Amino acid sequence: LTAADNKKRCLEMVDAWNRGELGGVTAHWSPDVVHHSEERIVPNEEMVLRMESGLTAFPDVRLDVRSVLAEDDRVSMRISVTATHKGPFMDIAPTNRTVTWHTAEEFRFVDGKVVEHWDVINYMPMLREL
């Protein structure tokens, strides 16, 4: 549907992540999504491993949406990401301290579902705290 409807879907999924509502977290993703990071396509299996390692280290991660823009079939978001270092990350034992990183996400929609996704992630503020 419209850009405003797609924007609402993206905000709903982020809100569902923070509030722990799994139904809402996955509701608007297509089963066949193509992901991109650093100008390469990231196979979905590699994306899963990324998420697994990240959630082991940062299980309480939260997403603070700083802006969202939508036009035609695309939505872009800027997100401040915060977590506590509670599990090992790259075999570094948890510090139990809060960490931050920053992302920009872009989503392409078809029929109300995200079919393609791009990210730009600045992990440096977190890596400095390891």
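One-based numbering along the sequence shown.
The stretch with the higher mean CA B factor, choosing between 121 to 129 and 1 to 9, is 121 to 129. Between 75 to 83 and 91 to 99, the higher mean Cα B-factor belongs to 91 to 99. Within the selection 51, 69, 104, 65, the deposited Cα B-factor values reach their highest point at 51. When all modelled residues of the chain are sorted by CA temperature factor, residue 19 is found within the highest third. Among all modelled residues in its chain, residue 114 ranks in the lowest third by Cα B-factor.
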